[PDB]
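Protein chains in written order, with UniProt numbering: chain A, 688 to 694; chain B, 688 to 696; chain C, 687 to 697; chain D, 687 to 697; chain E, 264 to 409, 424 to 496; chain F, 262 to 411, 421 to 497; chain G, 262 to 408, 425 to 495; chain H, 264 to 409, 424 to 496.
Cβ coordinates follow ideal geometry from the N, Cα and C atoms, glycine included.
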Amino acid sequence: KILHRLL
Amino acid sequence: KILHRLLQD
Amino acid sequence: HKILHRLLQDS
Amino acid sequence: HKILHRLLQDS
Amino acid sequence: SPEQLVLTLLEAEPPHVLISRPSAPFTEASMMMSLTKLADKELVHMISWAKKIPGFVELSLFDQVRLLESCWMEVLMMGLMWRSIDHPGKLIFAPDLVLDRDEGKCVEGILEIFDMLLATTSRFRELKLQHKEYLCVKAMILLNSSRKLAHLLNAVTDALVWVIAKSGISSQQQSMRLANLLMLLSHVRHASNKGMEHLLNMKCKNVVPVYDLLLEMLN
Amino acid sequence: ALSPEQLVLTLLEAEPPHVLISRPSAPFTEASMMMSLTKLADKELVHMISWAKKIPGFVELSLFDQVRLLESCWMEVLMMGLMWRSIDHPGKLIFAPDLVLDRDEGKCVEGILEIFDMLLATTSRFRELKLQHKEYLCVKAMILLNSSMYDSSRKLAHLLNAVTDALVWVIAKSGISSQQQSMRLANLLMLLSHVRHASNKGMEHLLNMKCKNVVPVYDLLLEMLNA
Amino acid sequence: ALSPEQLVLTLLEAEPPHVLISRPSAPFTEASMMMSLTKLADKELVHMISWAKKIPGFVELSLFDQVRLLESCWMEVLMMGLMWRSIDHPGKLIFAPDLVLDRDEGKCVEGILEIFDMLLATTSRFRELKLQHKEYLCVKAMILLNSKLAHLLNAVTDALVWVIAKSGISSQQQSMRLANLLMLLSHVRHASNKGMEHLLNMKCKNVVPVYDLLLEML
Amino acid sequence: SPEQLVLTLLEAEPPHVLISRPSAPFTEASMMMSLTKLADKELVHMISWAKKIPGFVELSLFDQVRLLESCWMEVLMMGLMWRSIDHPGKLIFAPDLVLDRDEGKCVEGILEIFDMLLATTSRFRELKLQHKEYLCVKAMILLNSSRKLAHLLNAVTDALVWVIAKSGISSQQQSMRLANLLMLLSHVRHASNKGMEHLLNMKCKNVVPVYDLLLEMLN
Ligand SMILES: C[C@]12CC[C@H]3[C@@H](CC=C4C[C@@H](O)CC[C@@]43C)[C@@H]1CC[C@@H]2O
Ligand SMILES: C[C@]12CC[C@H]3[C@@H](CC=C4C[C@@H](O)CC[C@@]43C)[C@@H]1CC[C@@H]2O
Ligand SMILES: C[C@]12CC[C@H]3[C@@H](CC=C4C[C@@H](O)CC[C@@]43C)[C@@H]1CC[C@@H]2O
Ligand SMILES: C[C@]12CC[C@H]3[C@@H](CC=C4C[C@@H](O)CC[C@@]43C)[C@@H]1CC[C@@H]2O
């Protein structure tokens, strides 16, 4: 969720 | 030669 | 390394 | 018979 | 375009994450927290750096997360070795977090990995790794961790060969330099695997509170 | 000393033999497939040492350096050989002339399927790159010499550079442009990182199989497996 | 002591590895083709010793017996292995995975063309018989022991009979298949004799530089 | 037909060739002189014996001479071994030409062939090679000397099994005996090859004169 948001 | 005639029997 | 050393020193 | 004797006596 | 690609990677360079030593002497869990907090902070800036790479955002979303999944530890160790390239026997973890080799005798297993990081740094230093070379290679680590990707990895390869040719050295020496540089990817990958094995057992044996990106990446 | 082509020919004549292994009469299980692969790896290790001893200058290295190099490389060289054998058969891994394992056959061994998909993936890349036989010879010798980073030190670096110049020489003979030669060279050694990754994962997998007592490592394979 | 199953299985796990040889860059000359074959034979001979030492009981004989058997059989075993690799490729001899010579390629070496047609003929006979991999294992071991020895050579013969019995064919066809395979041994011994005369002739004229273990077996 | 074939084999057995020992002791030229004349006379009867093989004349003229060319030394040596089966240490070349092994020293290199003929003779002696077993084996030679010949060789094979089956031994001992006999064929083949290697050498060294049938086959 974090890495998907940071991209 | 000779074997041809010896077999020609 | 008994086997590896022996296999490295022979012919 | 150099190598054969050696090969028959190794692993 | 090699000239244009080299500059883009130069401007995409991440900042320098700051951190310091625990005032109390390092223990097999305080150093584990310091490096994991650093890695967590480095990870946030690495995604921003990756998105600034030309064409990376044009890749599929699943292709993006997959690339960062397998490359993030290689990239972190690669940036660490470049920071430590001018300091023999030291690891510039941060401008204020500079450790020696014997400090790795603290946490279990990290002494074996530090020696791999220092030896790869030694190799990069004897080759006199240049700044524009390290930019092209570090981008190669990400793009070579697992259709448009083949266009990126290729063009980045033209950039490193372009950079190598800028030194004006013999054509056979340019091939030798390129081979010697890319031959070190296997060692960066090796230490990354050994490190991923280490940080995994640090979480299972409960020695490192993993959180946020790092916990998501370690999964 | 030797010329680049002489080094290549020396590598050719040093090529180890294809170890023969047959499938069991009974259908494959985890215990018997691990048995077959380890038996194949244990026999191939013997020929590998004789192969390394025929690389020019390798025996001039100290015994400590010879040992350290073979411990670090043996799984990579074996994996690189399996991949060369499988390069023309996509989907299959040609472990031996009569041991051709289809990709789905690894489902019987716990966790071997990921390493099978790794080996097949890199093999397909070597296939799409059209890896030549002479390049494969250099690449295999480079795997051994580039394995561990740590007078014998000077000879090692000379050894690695000689094989590298031989590979550059072999690529230069192909007749492609100087920029295509640099690209080909780069594409080839970028796969060295993938081979080292497959080696690391296979090393860890085999250590679990030995730890779970799933497979019995014996003699040479046991000696190397320690570390 | 072993059973016919364990004897065949031990012979299976004693199979020598396939020696790798490549065709030279230049076209084949009589001296170069002789160089490739003698190098191939020199390497194969190293692994045959390891294979022969794994035959149950072979290491129990006197050294002179182990020597004398290998001196007289080593060629027959090499051509027998060659014919097994070539059993599925008519008109071709699979000397190595990268050394596949068509028949007419033998017209380069003087004298070898007649020997090539012998191996190809014997290969075809083994192919028409549909020789089984388990039978081939016993035959190769029997070639060695037919160059305590009577007991070992009877044990391998017992195993070959046991293999033919496991095919399920009639008791006549078992005796018939046994005789058919046993008679091809004479053609293999014949190929070895004719092949050895060619090599010794090639040696005395210094056509091929033989070396080491291949030299010593001559 | 098995019983009928074995009977036809016996009826076709060649007569013994009449040859005598020289008055003077054997010299290298005189020993080769006697053995070559004996083989010449034996070769005439063998052609007659081969023509009586049921179906031999049916073969083509090429197949007829090819079988006789490639086998004639094997059959003569097989016949010699048959005459010396009950007499150890001696080779019964003829009723009056009886030769002990040590007499082979008269000729250079013949001793090795003499010991081979005798060693294989002793094995046939150990197996107690019955008469009718010898008739089958001798006909398998010439047939197995490299469609029509296939079934021909198939009949002599079935006959040998019938002669072994009539002995009454166990079925496992039947296969054992059938294997011990046919494995000795390769020893007969080996003896023939070395013997040809000697005769051509003896002719090329002009040690013995060769003419008529023997010269025809030798060429
Ligand atoms: C992952 C470990 C903590 C984090 C360390 C790693 C060694 C190198 C680096 C790169 C640096 O940029 C961040 C820390 C990081 C990623 C260590 C190896 C063992 C330990 O688990
Ligand atoms: C190491 C494993 C057994 C040995 C296998 C490896 C995959 C590929 C190869 C190459 C072949 O030449 C020898 C076996 C070898 C080295 C396997 C991966 C998991 C398993 O433990
Ligand atoms: C013996 C010759 C060289 C060696 C050759 C032989 C034909 C077949 C074989 C078997 C193969 O495994 C090795 C070479 C070997 C043994 C050749 C026939 C003529 C030449 O002299
Ligand atoms: C062929 C030789 C001459 C002929 C000899 C042979 C040994 C055995 C036999 C069988 C006998 O029936 C006739 C002579 C014959 C055929 C000899 C071996 C060496 C010499 O050249």
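- Judged by their CB atoms, residue 431 (chain E) and residue 470 (chain F) are not nearer to each other than the 8 angstroms cut-off.
- One Cα belongs to residue 488 (chain F), the other to residue 329 (chain E), and the distance between them is close to 38 angstroms.
- Between ligand 3 and residue 292 (chain G), a heavy atom-to-CB distance of less than 7 angstroms is absent.
- Three or more Cβ pairs closer than 8 angstroms define a contact, and the segment 333-353 of chain F meets that threshold against the segment 394-402 of chain F.
- Just measuring C-alpha positions, the residue of G:484, G:463 and G:439 sitting nearest residue 409 (chain H) is G:463.
- Shown here for residue 388 (chain G): same chain residues with a beta carbon closer than 7 angstroms to its own, the five before and five after excluded, namely 348 in chain order.
- The beta carbon of residue 350 (chain F) sits closer than 8 angstroms to the beta carbons of 361 from its chain, once the five residues preceding and following it are set aside; these are given in chain order.
- In the DSSP assignment, residue 353 (chain E) falls within the beta strand (DSSP E) that extends over 353-357.
- Setting aside the 5 residues that flank it on each side, residue 437 (chain H) is surrounded in the same chain by 396, 399, 400, 403, 455 and 458, each with a C-beta closer than 8 angstroms to its C-beta; the list follows chain order.
- The beta carbon of residue 301 (chain G) is closer than 8 angstroms to those of 280, 282, 356, 357 and 360 in its chain, skipping five residues each way along the sequence.
- Under a criterion of Cβ atoms nearer than 7 angstroms, the residues of chain D adjacent to residue 327 (chain G) are, in order, 694.
- For secondary structure counted as the beta strand (DSSP E) over 3 or more consecutive residues, the segment 359-393 of chain G holds these complete runs in sequence order: 360-363.
- Around ligand 2, the residues selected by a Cβ distance under 6 angstroms to any of its heavy atoms are F:298, F:299, F:301, F:302, F:305, F:336, F:339, F:340, F:342, F:343, F:356, F:373, F:376, F:472, F:475, F:476 and F:479, following chain order.
- Annotation: the continuous alpha helix (DSSP H) that includes residue 434 (chain G) extends over 426-442.
- Legend: CB atoms of the segment 271-300 of chain F lying less than 7 angstroms from CB atoms of chain G belong to residues 273, 276, 278, 279, 280, 281 and 283.
- In this chain, residue 290 (chain H) is not harboured by any alpha helix (DSSP H), its DSSP state being neither H nor E.
- Following the DSSP letters along the chain, one finds residue 457 (chain G) inside the alpha helix (DSSP H) bounded by residues 448-481.
- As the crow flies, the alpha-carbon of residue 475 (chain H) is around 7 angstroms from that of residue 372 (chain H).
- Collapsing the DSSP output to three states places residue 279 (chain G) in a strand.
- Note on residue 363 (chain F): under 16 other CB atoms within 10 angstroms of its CB, so exposed under the neighbour-count rule.
- The beta carbons of residue 339 (chain H) and residue 305 (chain H) sit closer together than 8 angstroms.
- Contact residues of the segment 302-316 of chain F toward chain C are 307, 310, 311 and 314 (C-beta to C-beta distance below 8 angstroms).
- Against chain A, the CB of residue 435 (chain E) has no partner CB under 8 angstroms away; the residue lies outside that interface.
- Neighbourhood of residue 358 (chain F) in chain G, by CB distance below 8 angstroms: 279, in chain order.
- Sequence-distant Cβ neighbours of residue 473 (chain F) in its own chain, meaning closer than 8 angstroms and more than five residues away, are 336.
- For residue 497 (chain F), the secondary structure class from DSSP, reduced to helix, strand or coil, is coil.
- Rounded to whole angstroms, the Cβ separation of residue 694 (chain C) and residue 493 (chain F) is 12 angstroms, and the two are not in contact under 8 angstroms.
- Distances between the C-beta of residue 380 (chain H) and the heavy atoms of ligand 4 include at least one below 7 angstroms.
- Contact with chain C is found for residue 331 (chain F), since one of that chain's Cβ atoms lies less than 8 angstroms from the residue's Cβ.
- The straight-line gap separating the alpha-carbon atoms of residue 267 (chain G) and residue 275 (chain G) is approximately 12 angstroms.
- Scanning its chain for C-beta atoms nearer than 8 angstroms, with the 5 sequence neighbours on each side dropped, one finds around residue 440 (chain G) the residues 265, 269, 393, 395, 396 and 399, in chain order.
- Within the same chain, and ignoring the five residues on either side of residue 273 (chain G) in sequence, the residues whose Cβ sits closer than 7 angstroms to its Cβ are 398.
- Annotation: residue 321 (chain E) to residue 285 (chain F) spans about 49 angstroms, alpha carbon to alpha carbon.
- For residue 689 (chain C), the enclosing alpha helix (DSSP H) has its first and last residue at 688-695.
- For residue 338 (chain F), the enclosing alpha helix (DSSP H) starts and ends at 324-346.
- The C-alpha of residue 435 (chain H) is placed about 13 angstroms away from the C-alpha of residue 451 (chain H).
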